[PDB]
Amino acid sequence: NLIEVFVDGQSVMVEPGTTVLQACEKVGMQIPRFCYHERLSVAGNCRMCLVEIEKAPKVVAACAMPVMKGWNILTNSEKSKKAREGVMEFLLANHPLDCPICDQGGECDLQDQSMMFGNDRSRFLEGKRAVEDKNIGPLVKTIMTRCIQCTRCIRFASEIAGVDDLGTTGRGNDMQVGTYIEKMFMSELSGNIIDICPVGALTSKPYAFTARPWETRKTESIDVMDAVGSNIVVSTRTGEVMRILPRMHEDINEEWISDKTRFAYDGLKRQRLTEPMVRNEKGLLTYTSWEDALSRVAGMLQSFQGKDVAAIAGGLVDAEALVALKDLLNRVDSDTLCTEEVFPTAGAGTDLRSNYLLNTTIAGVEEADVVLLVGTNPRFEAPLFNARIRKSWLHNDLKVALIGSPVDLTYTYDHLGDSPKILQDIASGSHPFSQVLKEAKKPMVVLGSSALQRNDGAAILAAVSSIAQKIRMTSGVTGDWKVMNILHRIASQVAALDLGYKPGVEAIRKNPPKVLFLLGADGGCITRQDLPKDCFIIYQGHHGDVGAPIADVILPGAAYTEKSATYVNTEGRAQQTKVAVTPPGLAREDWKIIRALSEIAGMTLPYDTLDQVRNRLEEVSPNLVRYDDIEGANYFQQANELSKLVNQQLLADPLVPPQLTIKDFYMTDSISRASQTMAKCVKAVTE
Amino acid sequence: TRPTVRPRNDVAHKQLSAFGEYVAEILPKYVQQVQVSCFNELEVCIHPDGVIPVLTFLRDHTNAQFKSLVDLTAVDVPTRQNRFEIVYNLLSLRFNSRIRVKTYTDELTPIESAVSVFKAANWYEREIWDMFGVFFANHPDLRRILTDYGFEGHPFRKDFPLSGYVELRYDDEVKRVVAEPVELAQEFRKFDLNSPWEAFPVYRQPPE
Amino acid sequence: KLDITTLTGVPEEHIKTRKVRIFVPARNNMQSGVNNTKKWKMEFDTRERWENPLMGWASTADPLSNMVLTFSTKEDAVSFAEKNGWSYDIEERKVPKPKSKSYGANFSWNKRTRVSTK
Amino acid sequence: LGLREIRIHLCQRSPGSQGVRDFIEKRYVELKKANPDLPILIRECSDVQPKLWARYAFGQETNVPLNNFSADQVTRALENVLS
Amino acid sequence: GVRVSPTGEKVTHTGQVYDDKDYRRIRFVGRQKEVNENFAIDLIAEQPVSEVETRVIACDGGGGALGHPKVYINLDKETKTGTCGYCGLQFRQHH
Amino acid sequence: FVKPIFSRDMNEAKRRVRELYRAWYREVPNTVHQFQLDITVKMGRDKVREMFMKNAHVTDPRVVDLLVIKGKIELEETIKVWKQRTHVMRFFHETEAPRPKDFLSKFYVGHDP
C-alpha cells in the first residue's frame, strides 16, 4: 500500500502523498523550521526546510514536497546544511539586538536553531530596519521588530480564530505583517497566538517581564475554568504561579486552551479566604482559630441530623469534598444534596449517566457527517470545541445550524426561529431541515446545557430526545453512534451526577437551617431568604466574592492547583488535579475540614489519606478511580427513552444563551470574576 | 578542520585495536566488547563473577603489564537493573598503554574485591561501599570512609536530595551537636537547561 | 517485592507520607522541540514552601523535592519505585496523532478550505 | 430505613455481566417505574465483578457482588432489598 | 524627598513599606533602614528629549562597548517619543 | 536465584542477629561509661531492643545479613571509642519535637500532605 522512500539509508513505508517533513519525522529525524506548523497549514515562505534529494540537482522544500518512490533523503548531507546556513545568515542579517529584554528571548526557537545552525560570526555593516510597535489588544502586547515574516500567525488568525483583522501589509523592503488600522484584534482565543509566535513579537502583556523560563518549575494538571477539562502544563516559580500553558491532548484541547483560562491564574492572586472568620455577638466576623469555628459547626451539625440541613455545592468544587460531605449527611441521614445548576430528570436521568454526557467525544465530532446544535453557542462554553467545529467546517464539510438564537459564530450556520415550533417540526421530521437530518448519516445533536434549566426546559429535553430517537428512526446510523449528547459548561455537576447525588433541583430551598456553602459563587440560585429565622450558614470557598459575606462562621479552603483533588470532564473523562504552590495560609485541603468536622461530630470517616478517599471512590463511583477510561457499557436509548415519554412538558419562548456576547464572557467564576486582567479586558471591550 | 579541530591519531588506534582482538582471543570467557574510540582510548567488558580472574591476569605480562590500578571509577544508572557500573581504569607502564575495563552489579551482588590483587582498593573499596552499597567480596574492614559516624545515607546513589535528609547543628540544653531535619533556606533553585532539538544527528538513539 | 526500604538511608517518614510520580515529560508549547518527550522520568510531588521571614526567600520543607530521574522505559520506572518502596502513578506517552497535509488542500473552491490571499 | 439510594456496577463485556446487561436493557424501565423516589444508580465500570450497593439508615450500605449471576437471580436479590 | 511612611520611615524606591500592624518593623529599631536617595525614575524624565530630523536612529548608551548593545530606535510616530529599550531615554524626529 | 551475600534462608541469618544483640547488649555499659552517658543503662538496653524492632519487616536473608554487616560496622565505631557522645545521642533525637500520628493534629499543624 504505502509508497517506499529512503531516509538517508533506511527504506521507509511512507504514506501516499505526505510531505518530506513527515517522512524524515517518521524515523525521528527532525527538519529545522519556522513558519510551518504541525496543525496549521504549509506555507512556502521562510524556507528553512531546504534539503537535497539524493538525485536532486538542487534542494527541495522538505516541509512541502510530497514523497514519492525512488527518492532518498540525506538530511545530514552538506548541501542541506549550506542551505540552513543560508536561511540563518539572512534571518539574523537584520534582527533586533534584544535577546535580553525579550520575554521570548530566554527560550526563542530562533535561538535554539541559531545554535544548531548558521555561522557563529555575522557580517553586518550597515543599518538594520526596525518597525514601530502596533498594539492589537490590552492582553497581547506586540513588540514586533522581532517577527520574522513567518506567517504562522495569520494562518492561525484568519482561520481558527475566524477573525481576519490580522494580516500582511506591503511588499518589497519594509513590508510588514502589521495589521491594517488602529483597531484591536479581538477573539475568544486571542491569547493562543502568543504561544504560536516563534519569537518575542507576541509577548503577553500580563506576564511581561515577570520571569524567565529556565527558573520555572512546570507542575502539571488540568484546568476547571472550562467544563472542557483542558489539560495543562503550569510554569510556577518560587511558590508563585508565573504562567499557565496548555498541555496538549487530541481528545480535548489539541494544544489550544481558552484565552480566558490562560489568564485566569492572576485571579488567584487577588483576595483569598486566608483566615477563619466567625461572626461575633455583634454579628460581625472576626479572625478565629479552627478549634473555635469547627467546634461551633460541630455544635450545630449534631443538632439537625437528617432534615433541616442542606449543602450548596459549587461549580468548580472538587468531587472529593462532595464525597465526604454527603457521607457526613449519610451518617446523619441528611438526604439533601443540592448543587448549583439544576438538571431536569424525567424518569430520573441521573442513573443512566449517559444522559448528561456528551456521549460523542470532541475527537468524535470530526467523523460526523452532519451536526446540529440547540441553544447556547459552543464558544462561550467551549471555545476549544468551537474551534473544533470551525476546523471541521474548514475540512470535513458538514451542515450546522443554530436554534433559539443567531449568535455570532465564526462559521456559517442556517438561521432558525425558536423551540416550540422547530422542535416538533423536526421531531415530526416535517421540517425541511429535519429532512436534511434524515438525508445525512452520522448525526450529532447538541444542546446548550444552559437550556436544560429553562424552567420548562424538560420540554426541550423530551423534544430533543424524541429528535435523536427520530433520527435513529431515519437510520443509516451505525447505532452505536450515541447521537444524544450535550455540552456542559460546569466543572462540578458532571461528577456529582456520576455520583448521582440529586438532579440538583433548587425547589428544595424551603425550610432547612444551617445550610453549608461549597463555593456558593452565585447570588442567584440561593440566598438567605430560605430561612427567615437563623442566618447561620457555613462556608468553604476561597475567594470571598458573593457567597462569603452572606455566610457566617467562615471556613477558608484551597484553590484547585494546590489540592490534588480530582475533576471529571464532560465526556466522562476522569482526571485528578495535582498539587502546585499549596494554599497561601490557613487555607487547607477542602475535604479535610469535612473529615475533621465529622471527626468531631462523632462520626469519623474510615479512610484517612486522600489516596484512601480515592479508595472509597471505587466502592461507590466506581469510576473516579479510573482516569482515562471514557468508555463504558452505554445503556442505549431503548430503556432511556421510555420514561422520557411518560411525562411531557410544554415548550415555550424564548430561548437565549446566557453569555450573549464577548463582553459578557469575562466574568463567571470567582477567579474569572476577581481576576484583574478580566476587569481590564472587559473595560477594554467596553471602551 | 584543523585550527580548532584536534587531529585524529589513527596509528595508536590501530595498534590498540589489534591488541584488543588479541585480548579478545585470550579471555573469551569474560571479555566482551572491544571499544576503540578516536581518543585512542580502548575499553572492555567483564562479567562481575569474572572480576578477580581477569584482573590478576592483567597485572601479569602478555604484551601489557597492567600494573597499578590507577582507578576503580564508579557510576550509578538507576534505569538499568544492573544499575552499578564499576570501572577499572588501567595503565600498562611498560607499554605506556591505557585501558578502561568495566562491569556491572545489583544491590545485593557481592562483587569480587581486588584487595588481594591490588590492595590499592582498600579505600576505593570503602568509598564505593559507603557512597553506594556495592558490597564487596572479602575485605579486612567495611567501615565507612568520608561519611560521618551514625550517618545512614548513601549519597552518589543518584537518589535522595543533594542536601540529604540530614543537617546537624549544636544545641543548647543538650549541650551538644545534634542532627536535624534539613529546612534549607532559598533552596537549590535548579535550572532545567535541557535543549529540545538535537544538535547531534550522528548519535541519536532510534525511536524504534 | 525486593524492598530496600531499610537498605536505603531514607527516613521512613518520606516513604510513608507520599507517592512519587512516574511519567513521560511533555513537549514545550512555546517551543517546537519534541526532543524532551523521549526518555521517561519520575519526580516527587511538590510540597509547601513558606517564605523566609528574612529577605523573602523560598524556605523549602521536604529536602527530596528537587529529585528527578530518567528511565528507558515505563516498566523500568515502575521497577524502581517497586525496588525503592515508594508509591507511584503511571502515565501514558503522548505522541501526537499523524495529520494528513498537502499544499493544495488549502485551495480548491469546493473544499471550503480556500484560505485567501498569499 | 428500607433504602435511600441503591446502585449497581457492571462489566461492559464480561459474560458474568451480560445477563444483567440484558436486564437493564429490559426490565429496568419497570423497576425504575416502580420507584419515583429512591435512585437506582447504575455504572458501566469494568470493575472485575458486577456489584450491588444499597444504602440504608444512617449511610450503612449492603454490597452484594453480581459475578456469575443470571438476571433473574439479580432481580431475585432486587425484591429482597426493597426494604 | 522620599515619600514618608505613616510610621515615619522612608519607603523603598520600589514602594512596599511595612504595615503599622507589622511586628517585623521592629528590626529597624535601634538601627537605620536604608533606601537610596537617588531614584532613577525622576532621572529618566529629567533629561531633555533628543531629536533628529532623520528617521531610524541607533542608540548605544554612550560608550562603545561601555553600555547597552547597539539598538535601532524607530520614530514612525511623531505623536510619541522614542524611549530606548535600554537607556530609557526618549527620542523624537523634529522637522 | 541470584547468589546470596552470606546466609541462605533465615536461620543462617537469624543466628547472626542474636550474635549481634549480645554484641550490643553486653557492650552497652562500656559505652555508658566511656562517654559518661547520663541515660540510665536500662534505657540504653531498651534502645538496643528498639533498633532491632525497626527492622522487623525484613524477609530476604541477604537483607538480614547485610543489615547485621552494617550494624556490626556501627558496633566497630562504637567499641573503638570512636564517634562522640553526640553521635551516640543521634539515635535519640531528643532535641526534636514529638510527632503526633493523629490525623486531627496533622490537620491543625500545616498544609502537610
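Note that the chains take the letters A, B, C, D, E and F in the order they are written out, and that residue 1 is the start of every chain.
Convention: a residue touches a chain if its C-beta (ideal position, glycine included) is under 8 Å from a C-beta of that chain, and two chains touch if they have at least 3 such contacts.
Participant: Just to be sure I understand the contacts, which chains border both chain E and chain C?
Facilitator: Of all the chains present, those in contact with both chain C and chain E are A.
Participant: If I average the Cα coordinates per chain and compare with the overall Cα mean, which chain comes out closest?
Facilitator: Chain C is the most central one.
Participant: On a C-alpha centroid basis, what's the spacing between chain A and chain B, in Å?
Facilitator: 50
Participant: So the centre of each chain is just the mean of its C-alpha atoms; given that, what is the distance between chain C and chain F in Å?
Facilitator: 37
Participant: Provide the C-alpha centroid distance between chain D and chain F, rounded to the nearest whole angstrom.
Facilitator: 54
Participant: State, to the nearest whole Å, the distance from the C-alpha centre of chain B to the C-alpha centre of chain F.
Facilitator: That gives a centre separation of 31 Å.
Participant: Hunt down the residues of chain B that sit against at least two other chains at once, touch-wise.
Facilitator: In chain B, the residues touching two or more other chains are 181, 189, 195-198, 207.
Participant: Quick check on chain D: which residues sit in contact with 2+ other chains?
Facilitator: Within chain D, no residue contacts more than one other chain.
Participant: Write out all the pairs of touching chains, ordered by chain label.
Facilitator: Per the contact definition above, the touching pairs are A-B, A-C, A-D, A-E, A-F, B-C, B-F, C-F.
Participant: What residues of chain A sit close enough to touch chain E in their complex?
Facilitator: Within the complex, chain A contacts chain E at residues 96-98, 100-101, 127-132, 145.
Participant: For chain F, which residues are in contact with chain B within the complex?
Facilitator: Residues in contact with chain B: 2-3, 5, 60, 62-63, 66, 69, 73-74, 76-77, 82-87, 89-91, 93-96.
Participant: If you look only at chain A, which of its residues touch chain C in the complex?
Facilitator: 15, 17-19, 22, 30, 33, 38-39, 41-44, 64, 66, 104, 107, 109, 112, 155, 158-159, 164, 167-168, 195, 198, 213, 217-220, 233, 238-239, 245-250, 255, 393-395, 397, 564, 578-580, 582-583, 611, 628
Participant: Help me check something: in the complex, which residues belonging to chain B touch chain A?
Facilitator: 189, 191-193, 195-199, 201-202, 204, 206-207
Participant: Which residues of chain D touch chain A in the complex?
Facilitator: 4-5, 7, 9-12, 17, 21, 24-26, 28-29, 32-33, 36, 39-47, 51, 53, 55, 57-59, 63
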